[PDB]
Amino acid sequence: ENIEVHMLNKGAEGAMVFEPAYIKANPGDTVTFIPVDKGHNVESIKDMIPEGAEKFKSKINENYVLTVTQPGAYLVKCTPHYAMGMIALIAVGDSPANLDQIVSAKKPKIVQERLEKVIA
Ligand SMILES: [Cu+2]
């Protein structure tokens, strides 16, 4: 199946958000990122994607289709706006083995805060 995500300047959660910021998927599903507003992209955060998943980085203002294979959690950011908290969590399969590790990982306070709301 395909899950559609919008990249926006402002959304329910504040400025610079992925909608939805919590994406539940299964191996083989696609995640389509659509920059509704300009100045956004999607990029995998180093060490915040499952063991064996490939790193990715879309072009700014480009529609981007990600195919998810490896089960586990993925924390993706917007390159330009990561520091303002523009992130999304992709959970592939049940009880992602690396979820606790991602929650614990070093990241900007703003990011960490949103991560906490998205998980809740
Ligand atoms: Cu952005």
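Basis for what follows: all heavy atoms, side chains included, without hydrogens, waters or symmetry-related copies. Sequential numbering from 1 along the given sequence is applied to the chain's residues.
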Stepwise side-chain hydrogen bond (donor to acceptor under 3.5 Å, both in side chains) test for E4 and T32: CA-CA 5 Å; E4 170 170 330; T32 300; over 6 Å; no
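One N or O on the side chain of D29 and one on the backbone of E1 form a donor-acceptor pair closer than 3.5 Å. A donor-acceptor pair is defined here as one N or O able to donate and one able to accept, closer than 3.5 Å; such a pair exists between the side chain of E19 and the backbone of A12.
The nearest pair of heavy atoms linking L8 to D37 is CA-OD2, 3.6 Å. Across every non-hydrogen atom of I49 and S44, the tightest pair is CG2-CB, 3.7 Å. Minimum heavy-atom separation, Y74 to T69: OH-N, 4.4 Å. Across all non-hydrogen atoms, the minimal contact from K57 to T79 is CE-OG1, 4.3 Å. Nearest heavy-atom pair across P35 and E62 is CD-O, 3.6 Å.
Aromatic ring pairs are classed by plane angle as parallel below 30°, tilted from 30° to 60° and perpendicular above 60°; the pair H81 and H40 is tilted.
Within the 4.5 Å cutoff, side-chain heavy atoms of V92 are placed close to those of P27. Contact check for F18 versus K77: no side-chain heavy atoms found under the 4.5 Å cut-off. Looking at heavy atoms from C-beta onward, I23 lies out of side-chain contact with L89 at the 4.5 angstrom threshold. Contact annotation: the side chain of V68 never approaches that of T30 to less than 4.5 Å [non-hydrogen atoms, C-beta and beyond]. Here the side chains of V31 and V65 are not in contact, with every heavy-atom distance at 4.5 Å or above.
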